[PDB]
Every structure is written in C-alpha cells, then in structure tokens.
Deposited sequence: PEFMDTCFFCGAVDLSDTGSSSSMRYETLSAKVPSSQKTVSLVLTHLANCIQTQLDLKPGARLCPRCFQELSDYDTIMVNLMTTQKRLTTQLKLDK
C-alpha cells in the first residue's frame, strides 16, 4: 500500500497531513511559498520550488509562526509609531 511523503525543509513520514507550497499561512493569508522566498531573501539566495514540494506539519507550523510573529511585529510597530506622532 504505502505511498510516502518527504519534507522539502527536512525528511520522511509514510503519511498530521503534509502541505503543498500554495497552502496559506493564517496571519497574513499569503502562500507558504512566499514565506520561504522571504527567508531565502534574508540570506541573499534564490530557491527552486519544484511543483513536487511538500512540508511536514512541524515545518508548516514553524513557517506559520514566523509569519505570525512578522505580522504582530508590523502591527504593534504602527500602533506605537502613530502614538509617538500624537499630542499631549
């Protein structure tokens, strides 16, 4: 029977299901492909995303959580800067 899954960001569960790169991270609702091209960019490289690529649930969560931190950083930054601009 067993057809078998492999994380593009680490390794192998004969599969808590594995995600395509078009899967959306929840906080921004942008594709998890876009979060991977963000991290590639943070270290001055290209990535090649085959239409094969899947993600373990662990990695999908890691990437989700990063995007989530990145959102709640950008929003609390605006709350605080717009406060700085204000009077009394």
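Which parts of the deposited chain sequence are absent from the coordinates, listed in sequence order? The deposited sequence has one unmodelled segment, at 16-23.
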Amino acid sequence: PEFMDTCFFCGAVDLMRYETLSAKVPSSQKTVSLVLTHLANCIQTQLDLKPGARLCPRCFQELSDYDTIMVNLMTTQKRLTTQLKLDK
From here on, numbers count along this sequence of modelled residues.
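Where do the C-alpha atoms have the higher mean temperature factor in this entry, in 27-35 or in 46-54? Going by the record's values, the stretch with the higher mean is 46-54.
Look over 1-9 and 79-87 in the entry and identify the one with the greater average Cα temperature factor. The stretch with the larger mean CA B-factor is 1-9.
Going by the CA temperature factor in the PDB record, which third of the chain does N72 belong to: lowest, middle or highest? Middle third by C-alpha B-factor.
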